[PDB]
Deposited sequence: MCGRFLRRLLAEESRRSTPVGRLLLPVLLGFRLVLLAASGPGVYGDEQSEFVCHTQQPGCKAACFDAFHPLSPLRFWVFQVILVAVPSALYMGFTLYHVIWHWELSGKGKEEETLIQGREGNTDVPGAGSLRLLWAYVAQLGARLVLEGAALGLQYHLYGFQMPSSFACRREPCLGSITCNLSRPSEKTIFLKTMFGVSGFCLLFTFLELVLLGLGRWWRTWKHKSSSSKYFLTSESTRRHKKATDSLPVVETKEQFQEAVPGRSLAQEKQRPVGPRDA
């Protein structure tokens, strides 16, 4: 029915501010739609866009494995589903809380939902921060046009060339920014609930 959904949305947004009510959900949906629409077009053909000037058998696969042990498309999919796990638990915890109290009325129980909201914001802050650092550690801010490889079974130094480095750099920097703003407004929502004075006392 429609009177149950108006209670599910009003209870899940009673403690938050407009930063968590509107801005964060739109930022997280913006990131997902962008990855789904444009991601495969930029990084989907990474293996065929990696050309090494050699003929020894097995050398091209050894050099590509050293350059990228994990593709950005796999990294970003894992990020978006991990960050969604704390929110799925909180929405489920709110769903059953409304079902069971409907059946007795048509603070002590309303306060346990506040601790649940503070806890999933804290988990998201730690997950968003560790993902940004891992992203910088793996890929950096720029994708090169060449790559020098020295490994077995290659004999000597092998030079390999990449395709579309400018477009890949642009998409990389765009995702660092969208993720950086998600972290900032997750921290700001905690400050406005009173984290400034909690850490003091």
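(message) Where does the structure fail to cover the deposited sequence at the C-alpha level?
(response) In the chain as deposited, 1, 108-126, 222-279 carry no coordinates.
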